[PDB]
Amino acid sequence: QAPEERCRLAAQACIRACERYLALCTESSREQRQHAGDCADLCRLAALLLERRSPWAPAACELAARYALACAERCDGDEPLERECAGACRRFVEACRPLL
């Protein structure tokens, strides 16, 4: 229930949706796959520092949130694999607010 945990949980969700997206979406472009792929790895970093309750986690969360919304913008779509990703990214960005 703690803000770090809620943010870590959201990061995990962003990771799944992102990896599923670039793995399953057959209509994605290079640009979109680069956005979803980098967003997955960035959220990985954030979740890892959130878990260890690192004093540097917020700095990593800021960067991840910055590109997570950029991914939500480029990957959003009406298709399930597209909205799940974009949504998870939005939710993660939202969870970072209290930690900044």
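Counting begins at 1, following the sequence as shown.
Comparing 68 to 76 with 38 to 46, the stretch with the higher mean C-alpha B-factor in the PDB entry is 68 to 76. Averaged over CA atoms, B-factors in the entry run higher in 24 to 32 than in the other of 24 to 32 and 47 to 55. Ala11: CA B factor in the middle third of modelled residues in this chain (values from the PDB entry).
For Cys89, the recorded CA temperature factor ranks within the middle third of the chain's modelled residues.
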